[PDB]
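Consider the single chain below, provided in structure tokens and representing the form deposited in one PDB entry.
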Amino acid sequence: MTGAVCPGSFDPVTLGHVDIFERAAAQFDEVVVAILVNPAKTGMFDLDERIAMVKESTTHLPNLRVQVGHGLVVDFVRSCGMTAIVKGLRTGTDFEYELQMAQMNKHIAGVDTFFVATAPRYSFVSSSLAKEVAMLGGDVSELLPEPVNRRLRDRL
């Protein structure tokens, strides 16, 4: 059984993430969305809200499951009995930076990384930027799934 882990902070999940989830889900037997803890960076939502927002936006994906990660991505991936990561890429800069982590991840663990190009529509969409805009009152509603919008309309 083929499989890939999609790691990230998903704080919050965006239509950009959901496109990746779908695209990954179309090509692997299982996909595991791994929500990584950052103990240094406090963020807008906590895990329960995070998982919940991913679960609500991915109901149409049976082979996909959501799960909290800790420690080294590669350790998490291997603990899923998988050997592959799937990440989106918006630009060549992202690639130059993801490249190093991917080559490190192969070196230490035999875990490979597959990259998908962002969808043209959402290429400018990122969690941090959507937050800041939303904080300052801008309408980011067309860039996020409704589960996320409802919860934002609660943090007004």
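Residues carry their position along the shown sequence, with the first being 1. Only residues modelled in both forms are compared. Whichever C-alpha set is largest while still superposing within 1.5 Å between the two forms counts as the rigid core.
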As the entry reports it, the stretch among 82 to 90 and 67 to 75 with higher mean C-alpha B factor is 67 to 75
Avg C-alpha B-factor, entry values, 113 to 121 vs 29 to 37, higher side is 29 to 37
Among the modelled residues of its chain, the C-alpha B-factor of residue 57 falls in the third labelled highest
Chain-relative C-alpha B factor for residue 108 (record values, thirds): the lowest
Quick tally, chain-level thirds of C-alpha B-factors: residue 132 sits in the highest
Chain thirds by Cα B factor, record data; residue 11 belongs to the middle
Among the modelled residues of its chain, the C-alpha B-factor of residue 5 falls in the third labelled lowest
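The form deposited in another entry exists for this protein as well; it is not shown, and the discussion that follows is about that form.
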After a rigid core superposition between the shown form and the other one, the exception among 112, 94, 49, 56, its Cα shifting by 2 Å or more, is 94
The CA atoms of residue 149 and residue 91 move 3 Å or more in that other deposited form, ending up closer
Checking the C-alpha spacing of residue 93 and residue 88, a student should find that in that other deposited form it changes by 3 angstroms or more, with the atoms closer
Superposed on the core, the stretches of at least three consecutive shared residues with every Cα displaced by 2 Å or more between the shown form and the other one, in sequence order, are 39 to 41, 91 to 95
